[PDB]
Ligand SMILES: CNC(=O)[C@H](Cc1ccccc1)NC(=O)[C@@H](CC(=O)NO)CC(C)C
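Starting off, we have a lone chain in the form solved without the ligand, written out as structure tokens.
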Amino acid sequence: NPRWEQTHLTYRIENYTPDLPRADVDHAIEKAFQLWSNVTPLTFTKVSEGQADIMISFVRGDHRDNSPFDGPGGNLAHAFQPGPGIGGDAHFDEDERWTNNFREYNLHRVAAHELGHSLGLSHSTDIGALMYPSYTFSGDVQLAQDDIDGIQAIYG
């Protein structure tokens, strides 16, 4: 279980799904980092060039890490645990239809989870928690107490 050693983190969106207008991608990701920074001392700065701590991208099938994606459904996205290089990165399967409504799959809602991982969280057994292994969604995204407790046990 690795932690980031600095509380000020960098992220960059390498590319944009065409499923959603650009501005909506930006706001889904932004608001998702916000869920995590609101309840910890972490801060996040977006950059448009060069390497960031958390590199975010949309990819399909084999994309040169060791977890190829699988077409629509199944695995939706994955993220790496804190650390250098791919450490921290999050990848979204472009074979999904990404949304900004209650319809599958809500980008902001998946991002909230993947970034949990990007910051060092593993899965929760609580079905109401953003970190539950499995996608759940009814149209609102909030950390559950379980999420707050786990991110605070890491960052204070």
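Position 1 is the first residue in the sequence shown; the rest follow in order.
Although not depicted, the form deposited with the ligand bound is the subject of the following passage.
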Pick from 123, 60, 46, 27: which has a non-hydrogen atom within 4.5 Å of the ligand in the entry with it bound?
123
Since only the chain is shown here, I'm wondering whether residue 16 would be in contact with the ligand in the entry with it bound (any heavy atom pair within 4.5 Å).
no
Please check if residue 84 has a heavy atom lying within 4.5 Å of any heavy atom of the ligand in the entry with it bound.
no
Taking heavy atoms and a 4.5 Å cut-off, does residue 133 contact the ligand in the entry with it bound?
yes
So, residue 110 and the ligand: in the entry with it bound, are they within 4.5 Å at any heavy atom pair?
yes
Within 62-76, which residues have a heavy atom closer than or equal to 4.5 Å from the ligand in the entry with it bound?
74, 75, 76
